[PDB]
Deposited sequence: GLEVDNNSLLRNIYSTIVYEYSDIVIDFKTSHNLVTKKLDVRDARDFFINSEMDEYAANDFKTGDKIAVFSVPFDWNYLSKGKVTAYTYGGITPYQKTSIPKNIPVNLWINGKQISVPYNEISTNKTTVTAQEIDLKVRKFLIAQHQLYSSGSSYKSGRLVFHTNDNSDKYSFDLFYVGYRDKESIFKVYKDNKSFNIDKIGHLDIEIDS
């Protein structure tokens, strides 16, 4: 509710680990979920990723398709013997480097962002991938969600406009906060002019 609590909440939420795999086959595809085949082994067990997405978005994929994954999980299942499945939202692009210029304003003042701050080697990249890379950067270099930070609002805008509210807290958990990635929104790398970011106290 209060600024302090929201910062601690989001700082923790966005400290969550990110999964990045460039070539995996879809084992199962249902109306609104994609489940990968084994990605690798984590803590001695077969690791699989389940992606939940709008039916409209899920319609683009089918079992057997080769895809790339870039997403953050909100749950895990260890109930399966010798296996662990992580649940995520979207983060799926067809199997296949470029810097994306960033404009940043903090409390009304424009701040320079280095040329190579945000990049991706995909031709079709999800808004999720970019948002995760952006927040990681803002947390590490501009005190976003840091204790003792006065920030209370902000947004990341994709200037092709699509955007993410940097202080959306939903039901105060990963399941609700990462749900904004459910649309599996993506862009062709060449159609993204730059990213506009604003953070305000």
key: Deposited-sequence stretches lacking C-alpha coordinates, listed in sequence order   = 97 to 100, 165 to 169
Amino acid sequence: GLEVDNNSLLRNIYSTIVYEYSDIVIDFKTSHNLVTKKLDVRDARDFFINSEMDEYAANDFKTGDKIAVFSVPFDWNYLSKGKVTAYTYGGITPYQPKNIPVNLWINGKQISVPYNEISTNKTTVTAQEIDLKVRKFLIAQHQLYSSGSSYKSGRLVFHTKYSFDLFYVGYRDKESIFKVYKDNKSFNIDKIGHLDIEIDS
From here on, numbers count along this sequence of modelled residues.
query = On average, which has the higher Cα B-factor in the deposited entry, 45 to 53 or 139 to 147?
reply = 45 to 53
request  = Compare the mean C-alpha B-factor of 161 to 169 with that of 26 to 34 as given in the PDB entry, and name the stretch with the higher value.
outcome  = 26 to 34
message = According to the Cα B-factor stored in this entry, which of the following is highest: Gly91, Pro114, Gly108, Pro97?
response = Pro97
message = When the deposited Cα B-factors of this chain's modelled residues are ordered and cut into thirds, is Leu104 in the lowest, the middle or the highest one?
response = middle
query = Hey, what third does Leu39 fall into on Cα B-factor, ranked over its chain?
reply = highest
task = For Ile13, return the chain-relative third of its C-alpha B-factor as stated in the PDB record: lowest, middle or highest.
result = middle
key: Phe178 - Cα temperature factor, lowest/middle/highest third of chain   = lowest
task = Using the B-factor values recorded in the entry, state whether the Cα atom of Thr85 falls in the lowest, middle or highest third among the modelled residues of its chain.
result = middle
